[PDB]
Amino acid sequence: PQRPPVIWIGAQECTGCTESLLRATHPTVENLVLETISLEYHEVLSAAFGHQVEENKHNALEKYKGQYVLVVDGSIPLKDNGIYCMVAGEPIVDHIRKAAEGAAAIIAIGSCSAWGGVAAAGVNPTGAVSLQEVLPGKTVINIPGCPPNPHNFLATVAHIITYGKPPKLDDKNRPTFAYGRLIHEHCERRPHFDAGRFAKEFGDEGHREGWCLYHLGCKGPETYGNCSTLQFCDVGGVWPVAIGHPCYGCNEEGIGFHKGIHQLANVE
């Protein structure tokens, strides 16, 4: 049978959001590209290069007009008329706006495309912005994290394929199944927070008993996500706090890449 088409364009990306797919199990990346979707453009895996791969992009945008999912990782740099990311001699913002015209659905995978992320932090050398800022007339689905668990992306695509619409979204256009709750409102160390049982430094007695990481700078009280429940890598028990380090807030604009690791969060 025919498979649903996907076009993937990277802007100011580190490739970590593509690499999340190589950890996925349901589906694995091989079952994603042979069974679930037709990946029509993705520069990390493509056999074709150069003028051949730019022809196959143009052919797919025509063939599948109105039908494809467009995915972008990385921020989009507006400073100095787009020149901080140039592909085939043109600003990446022009390739993204052209591909958005014919898309059936548009997804910002990762904090960089969702809200600017690390690339837009500090002084913001390149005038980096989000995918939604570049496409003001379109509904962009945001899947933040640095990178997210890959299944936060894969189960969003599956809902579009299987049931013919996107999952339910919050007021930042994030899927509720993955981003509907604060990490601290579903964290297994909340009993320790409640009792005043805190780690004070890495390797101390409370740290070595799995106590709450609030006084090490945990950003769980101010970060929406599923890191404590879905966790990572499908082996069981693996997320930053379970390994012994505070949440940094990488999902959440104004927290990750802004606040220091050891700066304390506000508590509701």
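Start at 1 with the first residue shown and count on from there.
- As the entry records it, the average C-alpha temperature factor is higher for 155-163, out of 182-190 and 155-163.
- Of the two segments examined, 131-139 and 167-175, it is 131-139 that shows the higher average Cα temperature factor in the deposited entry.
- Sorting 119, 108, 146, 93 by the CA temperature factor given in the entry leaves 93 at the top.
- You'll see in the entry that, of 243, 212, 34, 230, the Cα B factor peaks at 34.
- For residue 68, the recorded CA temperature factor ranks within the highest third of the chain's modelled residues.
- Per the deposited record, the Cα B-factor of residue 112 falls in the lowest third when ranked against the other modelled residues of its chain.
- In the deposited entry, the Cα temperature factor of residue 221 places it in the middle third of its chain's modelled residues.
- For residue 234, the recorded CA temperature factor ranks within the lowest third of the chain's modelled residues.
- Per-chain ranking of the deposited C-alpha B factor places residue 207 in the middle third.
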